[PDB]
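Data first, discussion second: the structure below is written as structure tokens.
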Amino acid sequence: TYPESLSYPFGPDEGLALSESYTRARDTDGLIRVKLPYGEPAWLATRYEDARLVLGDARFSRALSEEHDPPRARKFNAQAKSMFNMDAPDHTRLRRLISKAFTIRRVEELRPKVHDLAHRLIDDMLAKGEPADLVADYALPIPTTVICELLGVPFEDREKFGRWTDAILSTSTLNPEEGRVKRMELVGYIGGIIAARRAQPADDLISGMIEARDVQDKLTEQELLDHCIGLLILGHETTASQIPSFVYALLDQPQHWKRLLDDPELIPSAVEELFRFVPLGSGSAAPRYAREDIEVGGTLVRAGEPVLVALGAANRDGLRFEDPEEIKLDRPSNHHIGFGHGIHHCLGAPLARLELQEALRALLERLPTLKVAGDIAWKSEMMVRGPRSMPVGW
Ligand code: HEM
Ligand SMILES: CCCC[C@H]1CC[C@]2(CC[C@H](C)[C@@H](C/C=C(C)/C=C/[C@H](O)[C@@H](C)/C=C/C(=O)O)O2)O[C@H]1/C=C/C(C)=C/C(=O)O
Ligand SMILES: [Cl-]
Ligand SMILES: [Cl-]
């Protein structure tokens, strides 16, 4: 049968809470049903084991999403030529090339630049005097600087492509076309950058990708451009969301902030714990479609149906994490799926971990008395969650 399709997503947008419907879903035997704003209805997987099977078992596909009206919260399905929309062997081809610039070995040399950037930003916040906006004055410039210089997109255009990002991630039903319109404008902008790099190469990933295209014929011109778009958006928006949400969690329960003040060596383990607890997205991971008939948590997923994964819910599955709703900065074997799991495991994860570690490290060192100093504007009707503006003091 088909359980009553529930209104998805659930919410909320404020705080780090997960809708009670997620808890009721994990407790329910089998997979529940959901109806996203656009597209067909699909199953929702919320249990850790069930989530990891849909994410990492080759019997599920991301490529099959183009021959379906995929469940989604945004009207426009760009169908980008990115590795995330493909299966093997195409995914393997793209990921093998682009991953080289994002491994631990590759980004570790960036830690000093990030560290110094954070302290320089903190110098400016101190000089100006409280209050400061922890987003615009800290959380945003850090990841934006890194990705611009890694990718090769001018830092001075961040306002322009920031505005395009906001429209591309909006789920507001009003202006239901700004997304597709503004992504096309972003297509033209990125095309202009790629053209300039092909003309006059530089020491950035775009030039490296051009070379792999023009010389090695390892990817199409379309693949090259869509990866530039995704890397630029994820490169700066994701970390800009997590930094202020992480700090909010540590300040909300100030024992956590104090432990890190006393034991900075715990920062890596703490960052992992917060990646498990702090939700990035407002909904669920992109749909996976079953290539054959298979059983997922008691339910028989029908070959051809979409299964969504509630990563934040599976990260709070009490069957895998003791006291799932508590923050344990020293949680052992903390194999959360905050960065996904399997074939499409987050490629920027080494870079994201580094950025969060250094972002926190600098605040703890310089602003131990940090305190929220006003109303926190949270993101609403966007594909991601977190403080839009965060007034802070010290
Ligand atoms: C807090 C920061 C971040 C979080 C929480 C995060 C989370 C995730 C998750 C959960 C996935 C898999 C989604 C799914 O399977 O449905 C993913 C994939 C991906 N992420 Fe991230 N991400 C972050 C930052 C970044 C950054 C900075 C980059 C820079 C390039 C990036 C690039 C990618 C790419 C390319 C993929 C797809 C890889 C593939 O399909 O094989 N992410 N991320
Ligand atoms: C190479 C592409 C990797 C995409 C991942 C980014 C991280 C993550 C983690 C789980 C989150 C719930 C989703 C939320 C979606 C985000 C951040 C979308 C961003 C935007 O669409 C970027 C990727 C633009 C691409 C473009 O080509 O215009 O984001 O999951 C992935 C996004 C899934 C999406 C966009 C599902 C959907 O809404 O159908
Ligand atoms: Cl545990
Ligand atoms: Cl494991």
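First residue of the sequence shown? That's 8 in the authors' numbering, and the numbers climb one at a time after it.
The beta-carbon is built from N, C-alpha and C at its ideal position, and this holds for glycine as well.
State the start and end residues of the unbroken beta strand (DSSP E) segment that holds residue i.
{"i": "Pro183", "result": "Where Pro183 is concerned, there is no enclosing beta strand (DSSP E), given that its DSSP letter is neither H nor E."}
{"i": "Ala58", "result": "Here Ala58 belongs to no beta strand (DSSP E); instead the alpha helix (DSSP H) covers 55-63."}
{"i": "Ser396", "result": "394-396"}
{"i": "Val303", "result": "301-303"}
{"i": "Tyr145", "result": "Counting along the chain, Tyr145 falls outside any beta strand (DSSP E), and DSSP gives it neither H nor E."}
{"i": "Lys42", "result": "39-42"}
{"i": "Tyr296", "result": "292-297"}
{"i": "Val278", "result": "It is not in any beta strand (DSSP E) - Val278 instead sits in the alpha helix (DSSP H) that spans 274-284."}
{"i": "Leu307", "result": "306-308"}
Are there any heavy atoms of ligand 1 lying less than 8 Å away from the beta-carbon of residue i, as far as the coordinates show?
{"i": "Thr152", "result": "no"}
{"i": "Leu232", "result": "no"}
{"i": "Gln249", "result": "yes"}
{"i": "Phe67", "result": "no"}
{"i": "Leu147", "result": "no"}
{"i": "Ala292", "result": "yes"}
{"i": "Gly198", "result": "no"}
{"i": "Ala359", "result": "yes"}
{"i": "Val142", "result": "no"}
{"i": "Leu354", "result": "yes"}
{"i": "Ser289", "result": "no"}
Under 8 Å by Cβ, that's how I've got residue i and residue j pegged, so tell me the actual separation to the nearest angstrom.
{"i": "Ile149", "j": "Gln260", "result": "Not a contact, Cβ separation roughly 24 Å."}
{"i": "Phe83", "j": "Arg170", "result": "Rounded, the Cβ-Cβ distance is 17 Å, inconsistent with contact."}
{"i": "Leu287", "j": "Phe253", "result": "Actually they are not in contact, since the Cβ atoms of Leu287 and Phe253 sit about 11 Å apart, beyond 8 Å."}
{"i": "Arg204", "j": "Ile197", "result": "About 11 Å; that fails the 8 Å criterion."}
{"i": "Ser291", "j": "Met389", "result": "Not confirmed; about 15 Å, so no contact."}
{"i": "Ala320", "j": "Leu25", "result": "6 Å"}
{"i": "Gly237", "j": "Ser89", "result": "5 Å"}
{"i": "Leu315", "j": "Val41", "result": "7 Å"}
{"i": "residue 3", "j": "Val285", "result": "Within the shown structure, residues of the chain are numbered from 8 to 401, placing residue 3 beyond reach of any answer."}
{"i": "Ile240", "j": "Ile344", "result": "Their Cβ separation, rounded to whole angstroms, is 21 Å, which puts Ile240 and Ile344 out of contact at 8 Å."}
{"i": "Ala247", "j": "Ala146", "result": "5 Å"}
{"i": "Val61", "j": "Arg360", "result": "At roughly 24 Å, the Cβ-Cβ gap does not stay under 8 Å, so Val61 and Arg360 are not in contact."}
{"i": "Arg392", "j": "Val142", "result": "About 13 Å; that fails the 8 Å criterion."}
{"i": "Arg283", "j": "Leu336", "result": "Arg283 to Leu336, Cβ: 11 Å. No contact."}
Can you tell me whether residue i sits near ligand 2, meaning its C-beta is under 8 Å from at least one heavy atom of the ligand?
{"i": "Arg81", "result": "yes"}
{"i": "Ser340", "result": "no"}
{"i": "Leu181", "result": "no"}
{"i": "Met390", "result": "yes"}
{"i": "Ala202", "result": "no"}
{"i": "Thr246", "result": "no"}
{"i": "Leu38", "result": "no"}
{"i": "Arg170", "result": "no"}
{"i": "residue 453", "result": "A question about residue 453 goes unanswered here, because the residues of the chain that appear run from 8 up to 401."}
{"i": "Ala320", "result": "no"}
{"i": "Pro77", "result": "yes"}
Where does residue i sit, in a helix, a strand or coil, going by DSSP?
{"i": "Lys378", "result": "strand"}
{"i": "residue 407", "result": "There is simply no residue 407 to check, as the chain begins at 8 and stops at 401 in what is shown."}
{"i": "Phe67", "result": "strand"}
{"i": "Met389", "result": "strand"}
{"i": "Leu25", "result": "coil"}
{"i": "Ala49", "result": "strand"}
{"i": "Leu326", "result": "coil"}
{"i": "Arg79", "result": "strand"}
{"i": "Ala384", "result": "strand"}
{"i": "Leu13", "result": "strand"}
{"i": "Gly288", "result": "strand"}
{"i": "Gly400", "result": "strand"}
{"i": "residue 404", "result": "Any answer about residue 404 is impossible in this case: the structure gives the chain only from 8 up to 401."}
{"i": "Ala209", "result": "coil"}
Start and end of the alpha helix (DSSP H) containing residue i?
{"i": "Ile111", "result": "111-114"}
{"i": "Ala174", "result": "165-175"}
{"i": "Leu101", "result": "97-105"}
{"i": "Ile217", "result": "212-221"}
{"i": "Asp233", "result": "228-259"}
{"i": "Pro161", "result": "Here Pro161 belongs to no alpha helix (DSSP H), and DSSP marks it neither H nor E."}
{"i": "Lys135", "result": "118-135"}
{"i": "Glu365", "result": "356-373"}
Is residue i near ligand 3, with its Cβ less than 8 Å from a heavy atom?
{"i": "residue 2", "result": "Limits of the chain in this structure are 8 at one end and 401 at the other, which puts residue 2 out of reach."}
{"i": "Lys335", "result": "yes"}
Looking at residue i and ligand 5, is the gap between the Cβ and the nearest heavy atom below 8 Å?
{"i": "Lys135", "result": "The ligand content of the structure shown is limited to ligand 1, ligand 2, ligand 3 and ligand 4, which means ligand 5 is not among them."}
Is the segment 354-368 touching the segment 103-112, taking contact as three or more C-beta pairs under 8 Å?
yes
Should the segment 149-165 be regarded as contacting the segment 253-271, the criterion being three or more beta carbon pairs within less than 8 Å?
no
Counting Cβ pairs closer than 8 Å, one from the segment 265-277 and one from the segment 49-65, do we hit at least three?
no
Within 8 Å, do at least three Cβ pairs link the segment 29-41 to the segment 303-316?
yes
Does the segment 333-348 come within contact of the segment 88-103, defined as at least 3 CB pairs closer than 8 Å?
no
Below 8 Å, can you find three or more Cβ-Cβ pairs linking the segment 176-183 to the segment 124-133?
no
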